[PDB]
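Inspection log for the structure reproduced underneath, given as structure tokens.
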Amino acid sequence: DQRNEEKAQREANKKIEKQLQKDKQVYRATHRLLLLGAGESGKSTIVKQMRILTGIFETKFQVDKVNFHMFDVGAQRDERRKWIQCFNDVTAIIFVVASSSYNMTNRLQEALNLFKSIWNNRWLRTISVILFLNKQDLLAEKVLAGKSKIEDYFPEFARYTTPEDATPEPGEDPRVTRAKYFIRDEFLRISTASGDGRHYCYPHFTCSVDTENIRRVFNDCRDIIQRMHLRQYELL
Amino acid sequence: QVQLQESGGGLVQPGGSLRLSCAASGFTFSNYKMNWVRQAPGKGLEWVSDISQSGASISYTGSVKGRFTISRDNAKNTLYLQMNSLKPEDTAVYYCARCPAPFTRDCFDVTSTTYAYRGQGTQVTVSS
Amino acid sequence: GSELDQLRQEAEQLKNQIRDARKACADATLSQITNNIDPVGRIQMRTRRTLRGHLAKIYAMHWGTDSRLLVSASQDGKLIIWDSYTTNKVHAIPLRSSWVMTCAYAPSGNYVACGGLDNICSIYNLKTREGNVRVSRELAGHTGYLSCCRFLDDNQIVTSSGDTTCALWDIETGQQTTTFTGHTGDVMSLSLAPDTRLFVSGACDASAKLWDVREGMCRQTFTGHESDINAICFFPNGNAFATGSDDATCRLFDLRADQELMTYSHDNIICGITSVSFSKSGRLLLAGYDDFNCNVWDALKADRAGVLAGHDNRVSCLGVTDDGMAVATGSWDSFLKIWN
Amino acid sequence: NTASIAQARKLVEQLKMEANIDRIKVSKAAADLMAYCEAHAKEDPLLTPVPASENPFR
Amino acid sequence: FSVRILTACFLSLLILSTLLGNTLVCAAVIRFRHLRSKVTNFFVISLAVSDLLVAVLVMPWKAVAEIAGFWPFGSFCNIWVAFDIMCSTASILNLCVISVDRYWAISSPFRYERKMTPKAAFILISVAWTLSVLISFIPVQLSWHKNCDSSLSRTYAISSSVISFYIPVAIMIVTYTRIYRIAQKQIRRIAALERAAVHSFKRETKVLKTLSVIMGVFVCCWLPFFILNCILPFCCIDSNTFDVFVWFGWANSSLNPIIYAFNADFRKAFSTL
Ligand SMILES: CC(C)CCC[C@@H](C)[C@H]1CC[C@H]2[C@@H]3CC=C4C[C@@H](O)CC[C@]4(C)[C@H]3CC[C@]12C
Ligand SMILES: NC[C@@H]1O[C@H]([C@]23C[C@H]4C[C@H](C[C@H](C4)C2)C3)Cc2c1ccc(O)c2O
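For the record, the sequence lines run as chains A, B, C, D and E.
Going by our numbering, the letters in the first sequence line up with residues 510 to 745, in that order.
Going by our numbering, the letters in the second sequence line up with residues 63 to 190, in that order.
Going by our numbering, the letters in the third sequence line up with residues 290 to 629, in that order.
Going by our numbering, the letters in the fourth sequence line up with residues 1157 to 1214, in that order.
Going by our numbering, the letters in the fifth sequence line up with residues 182 to 454, in that order.
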């Protein structure tokens, strides 16, 4: 009548509330990571090297007792203006960009436009972007042997020089690092256009070797949440 | 109906000049971020340029930066794109697309064919 | 010889024919009776119940025929079914996919639909005698995200998609009997008529398409919009429907008129509409915009009857009961404000 | 180019199907609208203020 | 009744401002659940409720005693002093727990979200409040201090200020100097991208200014009071400076709602109500 069946309903609601408050810890402790790209940009090599373990949509892992969630979108259509709005609770948008796919199509400019749209998005305005300049080994030989040159799709590369924060490696040419940093700053040129402080970009150079790329994501999301809490507390 | 008719195009000599006039009817042209995107025969679409709701944040691609010029006119609801110093690579089908979100700076019209707001395009052919 | 250009020209000529035929029957407008019907006024709607148990952002919701239980899904892989009368989570299904975009409560109150970027629709059953809820049916035939879905009955359910192919799935066989091909942009939402014989779908091509579920063809099309139709809602009379898009204009189309009736736009609104739902009489129109506030508009006076406080984030989902008792607005702040 | 030809064929077929339909006047459309409103006005709990006793949410 | 009316009005305005700000924070928390849902705001609302409790039974009575020079409730003077100590040490412990929670969220945010659950926030708030209880209500029942003239003991006052202010203020200082060592690193990493995209310390001063407004205004109203409170039973000072130096710390309670509610969410919650 008034409480014969409503009491069991209230008990079930209390059990559901207990389950939800137990799931809240493992959910908020879990930092999702949206992974996307302009197309064949090496995201497969990124998701393949994830903890060394109906198609391939989402893969999960955990490092330093911090479970992440990497959702690949390598099956949705090219139109990203609608479903990407679902990624406003995500902690970081891992943008796996192939810095050598500009030859085949000018996919680098398409990735630049996608990054600009993600940055100026009304819902992704508070979400950082983990820029992944994938396919670095295929870029060095391209810019060295003249098979693929940045200046064909970028006029500013002739008016650009390597900054003071270069990271040289054994067996690398200064022109390769110059082109890599030029692409990085072209990605960074949109990151400072708005400058709302709610989100920042994080460039990285991967796919050169098959080492643990999850460390460059963990130590990146660390600073991501650091600056998020700093902007939240206004200590940034 | 959101229609965009891009008049112009044809045979072009390498290094000449060309003007496409995109008349967009069916919406408030003074409120969206219109953009021109090219597609080469045999390759995917290439984002060429975009313009703000008023004309402040004008941006071009690296292939046409300094050569092309995009200008929006709200008194006539038109988008004028001027190509200068044509190259044998600039030959392509040009589409005057519109990204749906207004009062914004993001656009997701760099996708492939079968787009919502995208005209049939003009086959800008570069002669010899 | 020259087939593509002549076909495009024929399509443009037929579109102009549709346009001037709509104009031929447009000898008047709904504003020509503004002196006959009286307005409603600034009605203050206060939050009666608040379902503060969601974890992630509440993306989609749908009421039931009993106007008591309401479903709501979030991106944390959870889908909670609340009793709006006592604010009690009757059910909580952990979805196999975290990101979900659609919700649908069956008219019988037994089946519940979810789905999202996982390209599958997970139909669950509630009245099972086995106790806990499990996956009753899985629908995997779409190559695009499931933006919205609506249950016709306990047997069939029509789901939108991201690849311009709305599918009428059958729970018995789990296979698409028909397909509503013809859209240009990915379908963002869809609504069902009270008679359930025909259903409308608002896509991102700025052209809401009204199809029929018996033959599977395109009955009507409406291209009077300017941006992605984020949400759609059939009028309770079954002859009209409102469409909320990103252009900050809610457009009311009619099936028999095959054109637009009113544009509930405003200069003080620069954000787009995210959800649209009619009241019991359809005179009121609940529109969840992107300005963190839900607006009650008048379907006749063509003005915003009022604005609601509460949500600080974007109000994504909105649902009015079958009897129009209490409208529930779920925003991206894991909150469900049940107005009245 | 055959895919574009098929898409244009489906589009012109849909346009032909849209052409041969019975379109009523927009005046009668608005009349049906306001008639349904005035028929369900006094029964709508959202339109008219519903008392707290008859409302299951107050 | 001619010159004391000015300071009377000043202290009444001060206590009314404390009451208004704290009631505003409490109303924004109990009505808007977008604030009492995050773990980091549990300590903020604990500081706010302590700031309300110090404005109902601590500062109004001191003001009504200072305006006329006399003091009512002669038998209740001991429990009133106990309430003052409790409220002050609770405010200081809430400041310290907010500081250490911010330090944990800035240094190791993943471990912060994994360990500092709402249950852990409740544990920390309860630990702070029980420390306040054992440091205020326990000594007054045994008369550990030596009209009801204000004079503590030379052995208990120093220990109470250490376990109540000195250790909390030391934790606050070390956390804000370890946060600054991380905030400056984040600012340098931001500059390394900003200056490179346009190819210094312009943003490095905003963090310094906010750390100032949240820490120096706290250590310039409580510490100037405690440096005299610990030396009072050892001797120095007079009755005309200590009573206003404690009002400085009580006005730090007026400035606190502006400190930990300057964020956008709290700003909107205050503007709407
Ligand atoms: C004179 C003394 C004994 C009275 C004060 C009692 C203390 C323990 C009470 C008074 C107000 C209370 C707070 C009021 C509101 C909240 C918000 C809630 O989300 C968590 C608990 C919390 C933070 C309470 C903790 C306990 C609290 C601080
Ligand atoms: N507001 C600060 C609080 O005040 C009391 C005290 C005690 C005596 C009677 C009253 C007037 C003087 C002298 C101050 C109240 C002392 C005290 C406080 C806070 C932390 C402490 O560790 C501590 O010792």
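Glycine included, C-beta positions come from ideal geometry on N, C-alpha and C.
At a cut-off of 7 Å, the beta-carbon of E:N275 does not count as near ligand 2: no heavy atom of the ligand is closer than that. Between C:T618 and C:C583, the gap from beta carbon to beta carbon is short of 8 Å. Excluding sequence positions up to five before and after E:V281, its CB lies within less than 7 Å of the CB of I352 and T356, all in the same chain and listed in chain order.
Contact between the region 521-533 of chain A and the region 373-387 of chain C is present: three or more C-beta pairs spanning the two stretches fall below 8 Å.
For E:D265, the distance from the CB to the nearest heavy atom of ligand 2 is below 7 Å. For C:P383, the secondary structure class from DSSP, reduced to helix, strand or coil, is strand.
The beta carbon of E:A450 is closer than 7 Å to those of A209, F213 and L216 in its chain, skipping five residues each way along the sequence. When Cβ-Cβ separations below 8 Å define contact, A:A702 makes no contact with chain C.
By the Cβ rule, the region 603-621 of chain A counts as touching the region 642-651 of chain A, because three or more pairs are nearer than 8 Å. Contact note: B:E68 does not reach chain A at a C-beta cutoff of 9 Å; the least C-beta distance is about 20 Å. In the displayed model, E:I226 falls within a helix according to three-state DSSP. The three-state reading of DSSP puts D:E1210 in coil, since its state is none of H, G, I, E or B.
Around the beta carbon of E:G430, a 10 Å sphere encloses 16 or more other beta carbons of the protein chains shown; the residue is thus reported as buried. When the Cα atoms are used, E:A249 and E:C329 turn out to be separated by approximately 15 Å. Contact annotation for C:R341 against chain E: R214 [CB-CB distance below 7 Å, chain order]. Every alpha helix (DSSP H) stretch that sits fully inside the region 222-285 of chain E and reaches 4 residues is listed by chain position as 223-234 and 240-249. Here the alpha carbon of C:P396 sits roughly 31 Å from the alpha carbon of D:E1174. With distances taken between CA atoms, C:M390 lies nearest to C:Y348 out of C:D365, C:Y348, C:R426 and C:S425. CA-to-CA, the gap between B:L66 and B:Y157 works out to about 9 Å. In terms of side-chain proximity, the C-beta atom of E:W310 is found nearer than 7 Å to a non-hydrogen atom of ligand 1.
The DSSP-derived three-state label of E:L436 is helix.
For B:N97, the uninterrupted beta strand (DSSP E) segment begins and ends at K95 to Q101. Distances from the CB of E:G430 to the heavy atoms of ligand 2 include at least one below 7 Å. Residues of the region 653-677 of chain A whose Cβ lies closer than 7 Å to any Cβ of chain E, in chain order: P672 and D674.
Counting along the chain, E:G202 sits inside the alpha helix (DSSP H) bounded by residues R185 to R212. In this structure, the CA atom of A:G583 is about 18 Å from the CA atom of A:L617. At a cut-off of 8 Å between beta-carbon atoms, A:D587 makes contact with chain B. Any Cβ of chain B closer than 8 Å to the Cβ of A:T614 would place that residue at the interface, and such an atom is present.
Closer than 8 Å to the CB of C:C507 there is at least one CB belonging to chain D. In terms of beta-carbon proximity, C:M334 stays away from the interface with chain A, with every pair separated by 8 Å or more. Below the 7 Å Cβ cutoff, chain C contributes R297 as neighbours of B:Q182, in chain order. Listed along the chain, the chain C residues whose CB falls inside 9 Å of the CB of E:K449 are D601.
Chain-ordered listing is empty here: chain A has no CB closer than 8 Å to the CB of C:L597, the nearest sitting near 20 Å. Proximity of A:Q618 to chain B, defined by a Cβ-Cβ separation below 8 Å, is satisfied. For A:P712, the pairing in a beta bridge is given by DSSP as A:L640. With a cutoff of 8 Å on beta-carbon distance, E:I287 and A:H738 are scored as near each other.
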